[PDB]
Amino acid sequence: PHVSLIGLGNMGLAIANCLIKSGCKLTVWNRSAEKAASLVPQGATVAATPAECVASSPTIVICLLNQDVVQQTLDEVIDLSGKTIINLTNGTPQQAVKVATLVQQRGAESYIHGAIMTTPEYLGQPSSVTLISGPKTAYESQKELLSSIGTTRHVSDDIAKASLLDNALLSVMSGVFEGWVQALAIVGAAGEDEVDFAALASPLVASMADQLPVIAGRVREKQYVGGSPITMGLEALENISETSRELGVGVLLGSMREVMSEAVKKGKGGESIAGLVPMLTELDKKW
């Protein structure tokens, strides 16, 4: 089986290693071609140009910095007739739309998008899940090949859905990390032990697994009443900022304060955090 990979960054090299381990004949291209150095002894062929790399195989795996770079790399690649593109470059839903439209206008058989939900060092383990979006029949053709990078989950036939879902999941993760950095800064500056604190904290974050579905149900049915009030949540954030200032510690969660303050001004002070969702869906604003 002939497979081409475009991009040999930390994730690209991890993908290259997984595909070699799968037993495929691998053709690779990278802007910095010397990053293929470790793949040549495994039997990988180095293509001079994107165009050449694409010519070598009917299945093209892409893992570059961003979808802007993907479009620039595909720029001169004019002939994709017969080619299946597997794009594992993270980006936005509409970025995936523009790339899928570009390759399909140039002949591509299909486009499927993958969001890898792990780091390079765990790629290829069954516990490592990649969300896949695009035509079912294209997923089914590529499922065996894709197993080389871990567990695939077909989320939708719409190519833009892996990026939509992965961006949603990264919001949650980003939120968790913002609160956690703030917590550890406070605990550290107070002379407390970060590991002991995690022993106390990590359990209560476990708990959220239970509460996040409840909040999600309330949001769908637009039931914004029921649960700790937004006024209470905003006071909490004011105690966090001042607990921090007392210790000379800086504070995150500014956007959360700003949106909750405006909610109170709009008279939603007595609603639960479910009532913050329409604050976002209704207005294009960076809080």
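Quick note: we count residues from 1 along the sequence shown, nothing fancier.
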Stretch with the greater mean C-alpha B-factor as recorded in the entry, comparing 256-264 against 35-43: 35-43
159-167 versus 142-150 - which carries the larger mean C-alpha B factor in the record: 142-150
227, 250, 58, 233, ranked by C-alpha B-factor: the highest one: 227
So if I compare the CA B-factors in the entry for 198, 176, 208, 185, which one is the largest? 208
Tertile call for residue 120 (CA temperature factor, within chain, third-based) is the middle
Residue 100, C-alpha B-factor rank within chain (lowest, middle or highest third): lowest
What third of the chain does residue 110 rank in for C-alpha temperature factor, lowest, middle or highest? middle
Can you work out whether the C-alpha temperature factor of residue 238 puts it in the lowest, middle or highest third of the chain? lowest
Quick check on the deposited entry: does the C-alpha B-factor of residue 129 sit in the lowest, middle or highest third of its chain? middle
